[PDB]
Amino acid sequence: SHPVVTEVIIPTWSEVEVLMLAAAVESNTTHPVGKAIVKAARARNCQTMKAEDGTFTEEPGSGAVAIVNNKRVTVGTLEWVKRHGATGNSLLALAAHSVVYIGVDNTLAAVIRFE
């Protein structure tokens, strides 16, 4: 019903950094999963990372991407983040079992689980 971030799994970026990078991509989304990332990532005490103007790109049902502080940050299916250059990690998927995957440049950075 109401998606909430429950777990951030990391295989370098911390759990909170992954949330903040993904939220920068997802900042203006109306999609409930993206809004859940944004909510979880709010940090009133931090200099908010922002996507570069005009770089947000999305293919509905597959994922989104933007440049955040000079990094290509992807948020979406495993196929989406691999297509954008991340190398796979079978353990990350197994550790996770909705879910989204996070790529940062050529790195598969994280998986986020929602309940």
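One-based numbering along the sequence shown.
- In this entry, 83-91 has the higher mean Cα B-factor, the comparison being between 83-91 and 29-37.
- Here 17-25 and 98-106 are compared by their mean Cα B-factor, and 98-106 comes out higher.
- Ranking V75, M49, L78, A66 by Cα temperature factor from the entry places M49 first.
- Per the PDB record, residue ranking by Cα B-factor puts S62 in the lowest third of the chain.
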